[PDB]
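A.B. asks: Starting off with a structure, shown below.
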Amino acid sequence: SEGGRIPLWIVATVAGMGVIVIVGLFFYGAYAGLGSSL
Amino acid sequence: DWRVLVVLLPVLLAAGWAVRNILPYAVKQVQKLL
Amino acid sequence: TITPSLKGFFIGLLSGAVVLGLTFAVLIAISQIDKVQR
Amino acid sequence: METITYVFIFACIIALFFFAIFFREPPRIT
Amino acid sequence: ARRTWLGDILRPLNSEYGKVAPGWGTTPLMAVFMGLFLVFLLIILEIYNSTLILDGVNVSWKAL
Amino acid sequence: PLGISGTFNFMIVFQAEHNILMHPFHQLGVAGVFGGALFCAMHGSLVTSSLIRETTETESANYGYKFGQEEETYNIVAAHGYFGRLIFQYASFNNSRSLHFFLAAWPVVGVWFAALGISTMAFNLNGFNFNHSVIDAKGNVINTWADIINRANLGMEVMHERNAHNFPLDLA
Amino acid sequence: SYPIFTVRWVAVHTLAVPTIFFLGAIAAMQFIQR
Amino acid sequence: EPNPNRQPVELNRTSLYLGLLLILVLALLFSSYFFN
Amino acid sequence: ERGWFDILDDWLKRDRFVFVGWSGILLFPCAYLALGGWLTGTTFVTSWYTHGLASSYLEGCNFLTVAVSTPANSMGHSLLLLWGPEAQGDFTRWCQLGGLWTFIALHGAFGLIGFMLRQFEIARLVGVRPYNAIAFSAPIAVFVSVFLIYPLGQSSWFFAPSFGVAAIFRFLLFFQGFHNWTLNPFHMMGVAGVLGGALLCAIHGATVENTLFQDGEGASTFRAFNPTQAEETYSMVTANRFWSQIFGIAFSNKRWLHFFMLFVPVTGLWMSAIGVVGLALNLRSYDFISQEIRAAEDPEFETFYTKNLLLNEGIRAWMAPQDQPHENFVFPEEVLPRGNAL
Amino acid sequence: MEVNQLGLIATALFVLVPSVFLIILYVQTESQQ
Amino acid sequence: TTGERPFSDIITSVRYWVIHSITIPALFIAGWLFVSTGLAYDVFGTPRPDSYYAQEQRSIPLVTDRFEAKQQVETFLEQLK
Amino acid sequence: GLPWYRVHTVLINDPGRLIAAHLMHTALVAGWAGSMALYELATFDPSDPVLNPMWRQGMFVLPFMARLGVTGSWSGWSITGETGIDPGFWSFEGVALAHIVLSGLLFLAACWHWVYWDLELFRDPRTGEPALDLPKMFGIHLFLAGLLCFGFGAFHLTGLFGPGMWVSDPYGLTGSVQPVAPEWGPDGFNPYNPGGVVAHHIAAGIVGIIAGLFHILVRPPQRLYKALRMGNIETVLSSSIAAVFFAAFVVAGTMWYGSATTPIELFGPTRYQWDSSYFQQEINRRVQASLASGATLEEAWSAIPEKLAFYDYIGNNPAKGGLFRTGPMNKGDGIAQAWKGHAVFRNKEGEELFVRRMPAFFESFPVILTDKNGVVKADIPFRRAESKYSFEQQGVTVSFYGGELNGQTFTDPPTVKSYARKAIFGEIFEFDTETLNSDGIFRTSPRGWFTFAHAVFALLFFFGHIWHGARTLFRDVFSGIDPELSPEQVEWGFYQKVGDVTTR
Ligand code: CLA
Ligand code: CLA
Ligand code: CLA
Ligand SMILES: C=Cc1c(C)c2cc3nc(c4c5[nH]c(cc6nc(cc1[nH]2)C(C)=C6CC)c(C)c5C(=O)[C@@H]4C(=O)OC)[C@@H](CCC(=O)OC/C=C(\C)CCC[C@H](C)CCC[C@H](C)CCCC(C)C)[C@@H]3C
Ligand SMILES: CCCCCCCCCCCCCCCC(=O)OC[C@H](COP(=O)(O)OC[C@@H](O)CO)OC(=O)CCCCCCCCCCCCCCC
Ligand SMILES: CC1=C(/C=C/C(C)=C/C=C/C(C)=C/C=C/C=C(C)/C=C/C=C(C)/C=C/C2=C(C)CCCC2(C)C)C(C)(C)CCC1
Ligand SMILES: CC1=C(/C=C/C(C)=C/C=C/C(C)=C/C=C/C=C(C)/C=C/C=C(C)/C=C/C2=C(C)CCCC2(C)C)C(C)(C)CCC1
Ligand SMILES: CCCCCCCCCCCCO[C@@H]1O[C@H](CO)[C@@H](O[C@H]2O[C@H](CO)[C@@H](O)[C@H](O)[C@H]2O)[C@H](O)[C@H]1O
Ligand SMILES: CCCCCCCS[C@@H]1O[C@H](CO)[C@@H](O)[C@H](O)[C@H]1O
Ligand SMILES: [Ca+2]
Ligand SMILES: [Cl-]
Ligand SMILES: [Cl-]
Ligand SMILES: [Mg+2]
């Protein structure tokens, strides 16, 4: 409701970890399935 | 085509959910600008 | 004679007119509602 | 002919360097 | 300034510097001609491009 | 080589033997020099756009600045006000010190990576190899733009130093 | 105090809404086998 | 009958050096293509 | 007169987080569609029917190898309108035929016009001189000469650059093998402007940061600056002496310095654009006739110029069959140029 | 080498004509007060 | 400032996260299903791994005519048995 | 003082000396056209319009005189091969002379207008200041342009009072200057219909007459006058430059793709006629018709005109040149002397083989021979040690039909390979390479050079439009921004509307 409740450093940390998860999934895909040369 | 409905359905439910949580202030924003 | 491509030309003309028309319709509307204070 | 041309142009540039450094307009503070 | 016979003849043609028509004047009519011209350029461009193909219009040297 | 066409020769053979275009350090190098050139024209145009009127129209505006003068010669607040509206306010610098630091750092760091690209391809750690990376259900190779680059690289490889190799692999 | 639906709101969502949809589509692609 | 629109023209020394450098370097660049 | 035009003008020019303006009516849809088309195509759309290539994440390509590829060579220079006679309103066929390429290139072209009108529009409202718009003519000259004029001179859109990382690398290598583009003096001037621009960027930034006045007490010097202060934040006098003694010459005029920083990369990009206009017609700087006459008659005459042509010849023969599939090149092994062993 | 012999006069006028332009302008600037 | 609510204000507000803890995953899942149902292949006309070639052919189905290109692609698509 | 890049600004407020400068420019351009035409006449060889036409000889202005009806010389020849003709005064020489005389008259006029610059006509009658009423000048000049445009189309191009224009058949074999009737239907917008050229000038001329009368009689709206700065002559420069680069792009395009106003007998073939084997298909159709009508192979090919075979040769493709390969095409492959005839290759089995032609992209190209189904049957190998398709292995021979080698057959591998190397260029010609000391390297034609110069100039004039447009709309800040610029005009929120102080 009122902006201020959730501290920004926690928002940044959670958003950062989501980025790392999704980019890691993409690098995982380079070695499996389509485009893996196998 | 059922796959069209399977894909749009999660988006449609998201539109309706945001409307429920925002319509009091949305009507209040539209009223102020009048 | 109205060839298929001449028909297609008219459809492209009507489509662009519609897109420009709605765009300026909406813009003129909103500009009349939210005026600047002088 | 063409060798003389290339070397002549090059030599003019090196001469230009000399004048641009030692016979420049002095910067003057105000 | 120096006057000349030809200068006196042409004097009226250079005498209305700065004279305007009030407001928007003929701007709306100008806009209509611009729109028609745009459609015209689109037609001749797309004929040349073979995006608009018309009966009896063969865009080729073979039309002599 | 110490020459203009000799430089091109070095570059073409480098591409054949290391696929430098597919190496991220060369790509960071290109970002460095493309970006450096962009920010050069950017900074130049913004300062030039906000020079304070000190001259008439018949004279060069450069005479409006005097070597050693105490006061700044352009209005950084007007430059920031222009550029902040071009993008948005927080994408624009109003601190000349950090602006000029950014101008220093972007090309310098990029060119460091370029130099490190050459220096590490010197030990044969080469650009990305996606030759035949995409394969269909049966196992047919599906070409990508990477495989087209490979065809060009092969043509460079087989022709360079045409009399110098006796054995099938060019290992240095 | 502040409005909710502004030009900035529209600009933000025309970019962010397709982005998330595309990220889910590309995530799914990582599990496709030939 | 003196024309009032006349103006003096200037080229300072730094501009001369810059201009001569541009011309010589352009000649050094294009000469090879002129001889071909 | 406060009619609807003036009221619309008021609203378009409101000071908001994202300025809109009249230019925004052109800029925002065209920029958004060009970007959305590139993301859509690189994520989902193939190049199988135009190039024989996979080119999307859907097919297994990665960020370096995805592209929106040019249309098939048989399309000529067709606008490839979605409603045109090739796709005939069929969105799926349109994608398979290369319609997204003209879509991105044309909306991009008009987006760039719109961005430059935005630079003019904002400059006129804020009261600054429009040199930022003028400098932006250089990116526009590059885009128009490479993505529009060049293929318009050639046989079709197919030979324009495709919108992708590795596709652009192929474009660089094609230009070496077929056009000997490194040899072209208009490219050389472009290289000088781009590298000279990067040089000026680094050296100006570093000079300022190392001739700063001590205007505060902290070891972080960024804080000791105020946007409205009247004084220069660094010493032009000390900067001038340092460079005069290190390098022989130095800037003494800060206005000239910053105009020069505009001039160098902008002029360089404009020169490179002119050369690409030449290449549209194959009007190349491919050879030195005097070198070829000597080398034809004297089999001991060898230079780096003749060495590089042999490389170009390899590029052409080894890449043409795959890179130009509509030509149906069949080059038996025995005709391929190759040195010893390799 | 069989160079294009017009290359000589082309290069010479390319240097001379613009360089002379600049020298005229410069010298008449110094001679002003 | 230009009058809009600060971003840092919005994204630390409980109401923002009540709304977007739903709308963000919903869009992600919609994108996932666009691929997993196979709908993306058919919208854009992109081959599946088993539909680049017919079983024994090794030639590309390359478009070679301007005004019959649409029919050429349809013919190539039929020939996949 | 003035920097060197501004010296010509002294004319902005001086209409009489502006006219003088514009007169001097016109004198220079007219003198260039006269002296270029005299140079071309002194070097042009008129003796072979078939294999040595003007476009092989580097002729640039000669085709523009011919396009509008000047085809003859006072010395008795015409460009279509006729002798003993009398062109009257309007020969190539009479046109050149007229431009020279015009140049000198304009030079004298420029001196008069430079000296007598202070004419009362250039002063505003109310204020006494120099002033040009540009909106009415525009209507006057547009009205004159419309009359001239109309008269060009109605009298010159139709032949009503004038010669017409160059027209030809689709293969550029029988071109001449002909009266042309207007085409008033939709095919008048076909670029290859000369009738549309006539109709355009009549119709656009009338529209320009009408629009000219409008712009003489109706003043500009105050809102357009202010927004476009119609009291500032530099606004006209900005929009005139824009019109000019628009026109330059159009003439570059129609020169490259071809149109009724860029005929191939005047400027050479287009690159696209090689890409699509345009001439090769017409040649084959004619040979089929002869063979079908009972003639032998030697009669079918001998009936092919040398002029048509010459078009089917990549040396006349304007996309085969180089930026610094200077001079006429004749300086490259030579002065064409004769068609050698059509080469037919056969292997030892008697199968007919076809040389793969050179695409324009390639400076060099391998020699590869296929059968009718595109299967490789012979080539010139690079590595010999695993060659299977060599001419020696496959017994390749060549026979010629038509042309000077008609009826001959060659079987020795070196001679056969020699003709196969030439066959990648299309039809094979004998060239004189000695007369001009030709170097054997392809050059582009006037079509190529025209297109290149005009696309480059169009792009550069785009920068001119941007620059002068910016000077028009930002004249008030040309020397710098206001030293008293309030930080509030440029900081966010102080005004509701950007730059509008009444919206605090
Ligand atoms: C607003 C800015 C803008 C601009 C400048 C463009 C420009 C373009 N679009 Mg894009 N587009 C836009 C917004 C824009 N678009 C939006 C918002 C969408 C989403 C709907 C699209 C979706 C889109 C698609 C799917 C395609 C394009 C295409 C194009 C290109 C061809 C357009 C054309 O021929 O229309 C011609 C129409 C006009 C010029 C309209 C003018 C109307 C005149 C002035 C008034 C008179 C008309 C009259 C009233 C009607 C008479 C009809 C009657 C005779 C039957 C051109 C580059 C095509 C393309 O890129 O090809 C590859 C294409 O396929 N656009
Ligand atoms: C639109 C202009 C134009 C065009 C298309 C032509 C076309 C032609 N001319 Mg003509 N000519 C022209 C104008 C033109 N001319 C003018 C103005 C003159 C008087 C000088 C001439 C005088 C002339 C003569 C005497 C001859 C020709 C000939 C020819 C033919 C061969 C051209 C050639 O080899 O060029 C080669 C072109 C180049 C080498 C291009 C030069 C590129 C320049 C140098 C780049 C400069 C870059 C610059 C320095 C960089 C600035 C950078 C800075 C801004 C940072 C060709 C048909 C020849 C012919 O065959 O006659 C029968 C011939 O003998 N012309
Ligand atoms: C119809 C065309 C036209 C006319 C009547 C003008 C007129 C003017 N220009 Mg503009 N301009 C034009 C086209 C034109 N320009 C084009 C195409 C461009 C882009 C290249 C420009 C870019 C431009 C800039 C950047 C500037 C001007 C400026 C000016 C003003 C002063 C010029 C001067 O004193 O130069 C004097 C020039 C010299 C003493 C030597 C120039 C030598 C050139 C570079 C090489 C030689 C060319 C050759 C002789 C002729 C070839 C002709 C070509 C068409 C084939 C003057 C009002 C200046 C201004 O605004 O002042 C306030 C200014 O800064 N113009
Ligand atoms: C590849 C190199 C390169 C890139 C990527 C680039 C990018 C940019 N330059 C800009 C500006 C500038 N660049 C300038 C000088 C230079 N710029 C240079 C080189 C580049 N400049 C160089 C070398 C110079 C020196 C002369 C100046 C002076 C400016 C600016 O003032 C302006 C800026 O504000 O910078 C801070 C911005 C304009 C934004 C815009 O138009 O939005 C609108 C977006 C539109 C209209 C969409 C364009 C669509 C494009 C044209 C086609 C499609 C592209 C696909 C979406 C992606 C394809 C990707 C593959 C190729 C891999 C943008 C950040
Ligand atoms: C700290 C890690 C830095 C590693 C690389 C070095 C970057 C800075 C050096 C550039 C030199 C330019 C010429 C001198 C220019 C010059 O004179 O600088 C001056 C500038 C200001 O100097 P000050 O004296 O104010 O501060 C420096 C010290 O005195 C301590 O206060 O220095 C800095 O800003 C230091 C910044 C350090 C922190 C920067 C971290 C950057 C990391 C960003 C991540 C990049 C990864 C990209 C991956 C693609
Ligand atoms: C085309 C078209 C169209 C349109 C469409 C659109 C408009 C779309 C959009 C789309 C979109 C809009 C999309 C997006 C996407 C996005 C994405 C996909 C992203 C991703 C990202 C990432 C992946 C990131 C990464 C990173 C980086 C980069 C750096 C930092 C870090 C990180 C790692 C995070 C229409 C319909 C009109 C019509 C038809 C055609
Ligand atoms: C006086 C007189 C007369 C005479 C006259 C005359 C004799 C004239 C002549 C004239 C002339 C005889 C002229 C000429 C002119 C020329 C020109 C004007 C040229 C120019 C050129 C240019 C401009 C070029 C440029 C360039 C170059 C150089 C390089 C490449 C690029 C370019 C193209 C840029 C008479 C008796 C009639 C009578 C009256 C009096
Ligand atoms: C072969 C290539 C040749 C290229 C040719 C180049 C021609 C260039 C001509 C430049 C002419 C400069 O023109 C010259 O301008 C100067 C000022 O600048 C004028 O000088 C005038 O102003 C100065 C300045 O205070 C006064 O002191 C002086 O008494 C007055 O006459 C000259 O009267 C005029 O002769
Ligand atoms: C082995 C040389 C004789 C075999 C016939 C060669 C092909 S033909 C030959 O080609 C020359 C260009 O190379 C022309 O200049 C010449 O006119 C022509 O006869
Ligand atoms: Ca499987
Ligand atoms: Cl090598
Ligand atoms: Cl070895
Ligand atoms: Mg995978």
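Chain lettering (A, B, ...) mirrors the order of the structure tokens, residue numbering begins at 1 for each chain separately, and ligand numbering begins at 1 in order of display.
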Return as a compact mmCIF listing (two decimals) with N, CA and C atoms, in the first residue's frame the residues belonging to chain H that are within 10 Å of chain F, counting only C-alpha atoms.

C.D. replies:
# COMPACT_ATOMS: atom_id res chain seq x y z
N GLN H 7 33.09 42.48 -45.32
CA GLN H 7 33.61 42.02 -44.03
C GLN H 7 35.03 41.52 -44.22
N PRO H 8 35.94 41.77 -43.27
CA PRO H 8 37.27 41.16 -43.37
C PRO H 8 37.21 39.66 -43.09
N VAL H 9 38.19 38.96 -43.64
CA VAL H 9 38.31 37.51 -43.53
C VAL H 9 39.59 37.20 -42.77
N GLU H 10 39.55 36.15 -41.96
CA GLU H 10 40.69 35.75 -41.16
C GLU H 10 40.94 34.25 -41.28

A.B. asks: Can you pull out every residue with an atom within 8 Å of ligand 5? Use only C-alpha atoms and all ligand atoms and format it as a PyMOL selection string.

C.D. replies: (chain F and resi 28+97-98+101+104-106+108-110) or (chain I and resi 202+205-210+218-222)

A.B. asks: Within 10 Å of ligand 3, counting only C-alpha atoms and all ligand atoms: which residues, as a CSV table (one decimal) with N, CA and C atoms, in the first residue's frame?

C.D. replies:
chain,number,residue,atom,x,y,z
F,57,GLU,N,27.5,36.9,-34.8
F,57,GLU,CA,27.4,35.9,-35.8
F,57,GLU,C,28.4,35.9,-36.9
F,58,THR,N,29.1,37.1,-37.0
F,58,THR,CA,30.2,37.1,-38.0
F,58,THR,C,31.5,36.6,-37.5
F,59,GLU,N,31.6,36.2,-36.2
F,59,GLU,CA,32.9,35.7,-35.7
F,59,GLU,C,32.7,34.2,-35.2
F,60,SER,N,33.8,33.5,-35.2
F,60,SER,CA,33.8,32.2,-34.6
F,60,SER,C,33.4,32.2,-33.2
I,134,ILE,N,22.6,17.4,-35.3
I,134,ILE,CA,23.5,17.5,-36.4
I,134,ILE,C,24.5,16.3,-36.3
J,18,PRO,N,44.7,23.8,-52.7
J,18,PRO,CA,44.1,24.1,-51.4
J,18,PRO,C,45.2,24.7,-50.4
J,21,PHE,N,45.5,28.4,-51.2
J,21,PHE,CA,44.3,29.1,-50.6
J,21,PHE,C,44.6,29.4,-49.2
J,22,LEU,N,45.0,28.5,-48.4
J,22,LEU,CA,45.2,28.7,-46.9
J,22,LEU,C,46.3,29.7,-46.7
L,2,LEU,N,35.5,37.3,-40.6
L,2,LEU,CA,34.8,36.1,-41.0
L,2,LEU,C,35.7,34.9,-41.0
L,3,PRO,N,35.4,33.8,-40.4
L,3,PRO,CA,36.1,32.6,-40.7
L,3,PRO,C,35.9,32.2,-42.2
L,4,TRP,N,36.9,31.4,-42.7
L,4,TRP,CA,36.9,31.0,-44.1
L,4,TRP,C,35.6,30.3,-44.5
L,5,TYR,N,34.9,29.6,-43.6
L,5,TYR,CA,33.8,28.8,-44.0
L,5,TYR,C,32.5,29.6,-44.1
L,6,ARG,N,32.6,31.0,-43.8
L,6,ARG,CA,31.4,31.8,-43.8
L,6,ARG,C,31.5,33.0,-44.8
L,7,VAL,N,32.6,33.0,-45.7
L,7,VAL,CA,32.8,34.3,-46.5
L,7,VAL,C,31.6,34.6,-47.3
L,8,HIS,N,30.8,33.6,-47.8
L,8,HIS,CA,29.7,33.9,-48.7
L,8,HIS,C,28.5,34.4,-48.0
L,9,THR,N,28.4,34.4,-46.6
L,9,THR,CA,27.3,35.0,-45.9
L,9,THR,C,27.1,36.5,-46.2
L,10,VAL,N,28.1,37.2,-46.7
L,10,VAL,CA,28.0,38.6,-47.0
L,10,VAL,C,26.9,38.9,-48.0
L,11,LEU,N,26.4,37.9,-48.7
L,11,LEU,CA,25.3,38.1,-49.7
L,11,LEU,C,23.9,37.9,-49.1
L,12,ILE,N,23.7,37.5,-47.9
L,12,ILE,CA,22.4,37.2,-47.3
L,12,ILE,C,21.5,38.4,-47.4
L,18,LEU,N,23.7,38.9,-54.6
L,18,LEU,CA,23.2,37.5,-54.7
L,18,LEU,C,22.9,37.1,-56.1
L,21,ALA,N,26.2,36.6,-58.0
L,21,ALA,CA,26.8,35.3,-57.6
L,21,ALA,C,26.0,34.2,-58.3
L,22,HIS,N,24.7,34.2,-58.3
L,22,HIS,CA,23.9,33.2,-59.0
L,22,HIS,C,24.1,33.3,-60.5
L,25,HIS,N,27.6,31.6,-61.1
L,25,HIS,CA,27.4,30.1,-61.0
L,25,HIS,C,26.8,29.6,-62.3
L,29,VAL,N,28.5,26.8,-64.9
L,29,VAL,CA,27.9,25.5,-65.3
L,29,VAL,C,27.6,25.4,-66.8
L,233,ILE,N,15.6,34.1,-46.0
L,233,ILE,CA,15.9,33.5,-47.2
L,233,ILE,C,16.5,32.1,-47.0
L,234,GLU,N,17.2,31.9,-45.8
L,234,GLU,CA,17.8,30.6,-45.5
L,234,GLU,C,16.8,29.5,-45.4
L,236,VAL,N,14.4,29.1,-47.5
L,236,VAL,CA,14.3,28.6,-48.9
L,236,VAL,C,15.4,27.7,-49.3
L,237,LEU,N,16.7,28.1,-48.8
L,237,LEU,CA,17.8,27.2,-49.1
L,237,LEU,C,17.6,25.9,-48.5
L,238,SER,N,17.1,25.8,-47.3
L,238,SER,CA,16.9,24.5,-46.6
L,238,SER,C,15.9,23.6,-47.4
L,240,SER,N,14.9,24.0,-50.6
L,240,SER,CA,15.4,23.8,-51.9
L,240,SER,C,16.4,22.7,-52.0
L,241,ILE,N,17.3,22.6,-51.0
L,241,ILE,CA,18.3,21.5,-50.9
L,241,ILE,C,17.6,20.2,-50.7
L,242,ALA,N,16.5,20.2,-49.9
L,242,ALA,CA,15.7,19.0,-49.7
L,242,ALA,C,15.1,18.5,-51.0
L,244,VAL,N,16.2,19.1,-54.0
L,244,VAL,CA,17.2,18.7,-54.9
L,244,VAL,C,17.8,17.3,-54.6
L,245,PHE,N,18.0,17.0,-53.3
L,245,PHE,CA,18.5,15.7,-53.0
L,245,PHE,C,17.4,14.6,-53.2
L,453,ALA,N,28.0,9.2,-58.8
L,453,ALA,CA,28.1,10.6,-58.5
L,453,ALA,C,26.8,11.2,-57.9
L,454,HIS,N,25.7,10.7,-58.4
L,454,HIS,CA,24.4,11.3,-58.0
L,454,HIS,C,23.9,10.8,-56.7
L,457,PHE,N,26.2,12.6,-54.2
L,457,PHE,CA,25.8,14.0,-54.0
L,457,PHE,C,24.5,14.1,-53.2
L,458,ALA,N,23.5,13.2,-53.5
L,458,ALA,CA,22.2,13.2,-52.8
L,458,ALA,C,22.4,13.1,-51.3
L,459,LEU,N,23.3,12.1,-50.9
L,459,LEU,CA,23.5,11.9,-49.5
L,459,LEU,C,24.2,13.1,-48.9
L,460,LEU,N,25.2,13.7,-49.5
L,460,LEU,CA,25.8,14.9,-49.0
L,460,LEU,C,24.9,16.0,-48.9
L,461,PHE,N,24.0,16.2,-49.8
L,461,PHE,CA,23.0,17.3,-49.8
L,461,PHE,C,22.0,17.1,-48.6
L,462,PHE,N,21.8,15.9,-48.2
L,462,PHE,CA,21.0,15.6,-47.0
L,462,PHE,C,21.6,16.4,-45.8
L,463,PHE,N,23.0,16.3,-45.7
L,463,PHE,CA,23.6,17.0,-44.6
L,463,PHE,C,23.4,18.5,-44.8
L,464,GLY,N,23.5,19.0,-46.1
L,464,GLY,CA,23.2,20.4,-46.3
L,464,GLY,C,21.8,20.9,-45.9
L,465,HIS,N,20.8,20.1,-46.1
L,465,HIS,CA,19.5,20.4,-45.7
L,465,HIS,C,19.3,20.5,-44.2
L,466,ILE,N,19.9,19.5,-43.5
L,466,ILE,CA,19.9,19.5,-42.0
L,466,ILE,C,20.6,20.7,-41.5
L,467,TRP,N,21.7,21.1,-42.1
L,467,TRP,CA,22.5,22.2,-41.6
L,467,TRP,C,21.8,23.5,-41.7
L,468,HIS,N,21.3,23.8,-42.9
L,468,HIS,CA,20.6,25.0,-43.2
L,468,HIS,C,19.2,25.1,-42.6
L,470,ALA,N,18.6,23.7,-39.7
L,470,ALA,CA,18.9,24.0,-38.3
L,470,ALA,C,19.2,25.5,-38.1
L,471,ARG,N,19.9,26.1,-39.1
L,471,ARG,CA,20.3,27.5,-39.0
L,471,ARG,C,19.0,28.4,-39.1
L,472,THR,N,18.0,27.9,-39.9
L,472,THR,CA,16.8,28.7,-40.0
L,472,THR,C,16.0,28.7,-38.7
L,475,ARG,N,18.2,30.3,-35.5
L,475,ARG,CA,19.0,31.5,-35.8
L,475,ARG,C,19.2,32.3,-34.5
L,478,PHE,N,22.3,30.9,-32.7
L,478,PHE,CA,23.5,30.5,-33.5
L,478,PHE,C,24.8,30.9,-32.8

A.B. asks: For chain K, which residues have at least one atom within 6 Å of chain B, if we go by only C-alpha atoms? Write them as a list in words, please.

C.D. replies: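 So the residues of chain K near chain B are residues 19, 23, 26, 27, 30, 33 and 34 of chain K.
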
A.B. asks: Write the residues of the selection above to a file with N, CA and C atoms, as a compact mmCIF listing (two decimals), in the first residue's frame.

C.D. replies:
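As written to disk, result_31.txt reads:
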# COMPACT_ATOMS: atom_id res chain seq x y z
N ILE K 19 0.17 -7.37 -6.34
CA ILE K 19 -0.26 -7.44 -7.73
C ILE K 19 0.73 -8.24 -8.57
N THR K 23 1.00 -11.31 -11.56
CA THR K 23 1.02 -10.96 -12.99
C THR K 23 2.32 -11.38 -13.65
N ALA K 26 2.30 -15.29 -14.03
CA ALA K 26 1.28 -15.61 -15.02
C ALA K 26 1.79 -15.39 -16.45
N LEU K 27 2.51 -14.28 -16.68
CA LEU K 27 3.05 -14.02 -18.02
C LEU K 27 4.13 -15.02 -18.38
N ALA K 30 2.50 -18.19 -19.35
CA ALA K 30 1.90 -18.05 -20.66
C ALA K 30 2.95 -18.18 -21.76
N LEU K 33 4.00 -21.92 -22.08
CA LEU K 33 2.99 -22.73 -22.76
C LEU K 33 2.90 -22.41 -24.25
N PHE K 34 3.16 -21.16 -24.64
CA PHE K 34 3.24 -20.81 -26.06
C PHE K 34 4.24 -21.71 -26.80

A.B. asks: Within 10 Å of residue 38 of chain I, counting only C-alpha atoms, which residues show up once you throw out same-chain ones fewer than 2 positions away? Write them as a VMD selection string, please.

C.D. replies: chain I and resid 32 to 36 40 to 43 45 66 to 68 100 to 101 103 to 105 163 to 164

A.B. asks: Restrict the distance test to only C-alpha atoms, flag each residue of chain A within 8 Å of chain G, and return the flagged residues as a short mmCIF file (atom, residue, chain, number, x, y, z; two decimals) with N, CA, C and O atoms, in the first residue's frame.

C.D. replies:
data_model
loop_
_atom_site.label_atom_id
_atom_site.label_comp_id
_atom_site.auth_asym_id
_atom_site.auth_seq_id
_atom_site.Cartn_x
_atom_site.Cartn_y
_atom_site.Cartn_z
N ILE A 22 17.82 -17.40 -14.19
CA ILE A 22 17.34 -17.50 -15.55
C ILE A 22 18.50 -17.52 -16.55
O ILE A 22 18.43 -18.20 -17.58
N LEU A 25 20.02 -21.01 -16.43
CA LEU A 25 19.22 -21.93 -17.23
C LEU A 25 19.59 -21.84 -18.72
O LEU A 25 19.59 -22.86 -19.42
N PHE A 26 19.87 -20.63 -19.21
CA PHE A 26 20.22 -20.46 -20.62
C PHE A 26 21.58 -21.09 -20.92
O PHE A 26 21.75 -21.71 -21.98
N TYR A 28 22.83 -23.57 -19.18
CA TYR A 28 22.53 -25.00 -19.15
C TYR A 28 22.08 -25.49 -20.52
O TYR A 28 22.53 -26.54 -20.98
N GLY A 29 21.21 -24.74 -21.19
CA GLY A 29 20.69 -25.16 -22.48
C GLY A 29 21.73 -25.22 -23.59
O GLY A 29 21.50 -25.90 -24.60
N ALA A 32 22.70 -28.96 -23.66
CA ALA A 32 21.67 -29.99 -23.68
C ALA A 32 20.64 -29.65 -24.73
O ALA A 32 20.31 -28.47 -24.93
N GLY A 33 20.10 -30.67 -25.38
CA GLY A 33 18.99 -30.45 -26.29
C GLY A 33 19.45 -29.74 -27.55
O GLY A 33 20.58 -29.91 -28.01
N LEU A 34 18.55 -28.93 -28.12
CA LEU A 34 18.85 -28.20 -29.34
C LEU A 34 20.07 -27.31 -29.14
O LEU A 34 20.26 -26.72 -28.07
#
